[PDB]
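Read through the structure below, which is laid out as structure tokens, and then see the notes.
Note that each Cβ is placed from the backbone with ideal geometry, even for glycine, and that neighbours are counted across all protein chains shown. Read-outs throughout are calculated quantities, based only on the coordinates presented, and are distinct from any laboratory measurement.
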Amino acid sequence: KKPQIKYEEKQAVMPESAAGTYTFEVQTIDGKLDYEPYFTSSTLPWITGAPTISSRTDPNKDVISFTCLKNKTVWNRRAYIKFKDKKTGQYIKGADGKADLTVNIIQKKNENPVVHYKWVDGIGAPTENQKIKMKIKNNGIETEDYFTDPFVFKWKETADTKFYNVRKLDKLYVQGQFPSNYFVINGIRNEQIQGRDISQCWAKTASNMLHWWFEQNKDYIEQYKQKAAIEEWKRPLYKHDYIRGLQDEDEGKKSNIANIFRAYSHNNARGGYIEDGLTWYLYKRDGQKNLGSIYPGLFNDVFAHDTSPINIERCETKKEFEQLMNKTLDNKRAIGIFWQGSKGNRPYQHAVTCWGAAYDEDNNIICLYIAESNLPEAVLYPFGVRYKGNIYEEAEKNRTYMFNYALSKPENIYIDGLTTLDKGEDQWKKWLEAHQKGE
Ligand SMILES: *[C@@H](C(=O)O)[C@H](O)C(=O)N[C@@H](CC(C)C)C(=O)NCCCCNC(N)=[NH2+]
């Protein structure tokens, strides 16, 4: 009788997050088969060495040992052990006699990660009094449990916060309760205009980024107003007013920039693009003609498409997403995100604004802080970052999925890329120097 080994593969081996040498048992039938265990990847950095048979003293079973590093991340991480017959060199067969015998190793996440944060330049950082914990909800009902990871917080807007989150009047509006004139805007010819925004996620994202940009360049823009030969109709557009502390019923009074998009741009049910709204506001490009009934193009002698402070990049792996986020965050740029996937049974594509990110001790990006013009509260919401494939030896694609803490469910929604808006310092400085050279 040939000895065999058996293992019930439905049982994962789940070591704790701490570093250590962990063990599981393999049943040895009719003797002690001469075999050697192997990880499916030998290069996984968080496993030190090969598995070994650490005890055979029990005639009925062997103990297998393997050694892990500490899992500092907030995600489980997987490895796989198979077994080779030391004589035939073949992999030993599992229970069905056709698949190789495989043991699933799942090292558990760190329950006490140390977290640090990076925020878009110039918006400050949340105080503890500005951070709001979130109730774990299930099927739509709060369980009165809360998400306990400390990076899971809403960043509440107050009189003192410096991010921007313009919200859709069409989402906030309650018919028969809100004022009948909720949607009215006083236009440029101080005419009365009623704008809707149910499909303007791209314009809300553009407006948030433009508020940040006008604030960061406020001194340059004051000089521009005084030195440039501004077109008469455009003069009132060289400011930004974002009024914090308003009620939902007063959202129409909150942002002059958002109101410009809502009054004069488009609300096509097909949507728009962040970068198109940004171009439309800042300089002339032929493609952005007919985006709306006016063309602000407010700084056309500062910027052109060749000197554009607007960039669009894509990401399909953890490495690419993280490279892009870090480059953007270390460079004084505002961040628009295009989300892509499925929400329910319908295709989903959405533009939101990102104001910062949380990192674990390995500098993995674990959560983003999002201005979400579709969500009701005047806060930034946390969106957790998750990966479906290995993050240590990455596949060709490993998309950056989003966890919706507000819906308290995972969704098949991921980040396709970023549209970023740079301060444009070199361009502004060159414009200013050219004026002083003419004086
Ligand atoms: C977002 C929203 O208001 O919820 C809105 O639907 C939207 O603009 N979504 C974007 C998502 C990213 C900006 C990619 C979108 O899908 N834009 C596609 C615009 C295509 C318009 N096509 C034509 N022919 N006009």
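Okay, here's what the table says:
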read-out: Members of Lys135/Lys409; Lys108/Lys135; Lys168/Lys234; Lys168/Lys239 lying beyond 18 Å, as alpha-carbon distances in this model show; value: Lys108/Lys135; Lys168/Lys234; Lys168/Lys239
read-out: Rh by Kirkwood over Cα pairs, then Stokes-Einstein D for the range 4-107 at 0.890 mPa s and 25 °C, µm²/s; value: 173 µm²/s
read-out: Euclidean distance between Cα centres, the range 84-133 to the range 323-341, Å; value: 24 Å
read-out: For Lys284, net neighbour charge (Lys/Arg +1, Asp/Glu -1) across residues whose Cβ lies under 15 Å away; value: -3
read-out: Cα-based Kirkwood hydrodynamic radius, the range 223-266, one decimal, Å; value: 12.2 Å
read-out: Those GluC sites (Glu not before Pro) in the range 317-372 that DSSP places in a loop and that have at most 14 other beta carbons within 10 Å; value: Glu361
read-out: Vicinal HN-Hα couplings computed from phi for the range 403-418 (Karplus, 6.51 cos²θ - 1.76 cosθ + 1.60; Hz; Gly/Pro x); value: 9, 8, 5, 5, 8, 6, 9, x, 10, 8, 10, 9, 8, 7, x, 10
read-out: Burial order of peptide ranges 185-196, 210-221 (average beta-carbon count within 10 Å, highest first); value: 210-221, 185-196
read-out: Distance histogram for the chain (every C-alpha pair counted, 20 angstrom bins, percent rounded to whole numbers); value: 22, 44, 23, 10, 1, 0
read-out: Size of charge dipole - the chain - debye, nearest 20, with Cβ of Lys, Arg +1 and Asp, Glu -1, no other charges; value: 780 debye
read-out: Where labels lie 7 Å past Cα in the beta-carbon direction, separation of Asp330 and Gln177 in nm; value: 4.8 nm
read-out: For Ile413, residues with placed amide H under 5 Å, excluding near neighbours; value: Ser342, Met402
read-out: Pairwise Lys count, the range 4-107 - Cα closer than 14 Å, eight or more residues apart or different chains; value: 13
read-out: Fewest-first ranking of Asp96, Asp248, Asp197, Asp426, using other Cβ atoms within 10 Å as the exposure measure; value: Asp96, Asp426, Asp248, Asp197
read-out: Pairwise label distance in nanometres, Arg196 with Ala159, each label 7 Å out on the Cα-Cβ vector; value: 3.7 nm
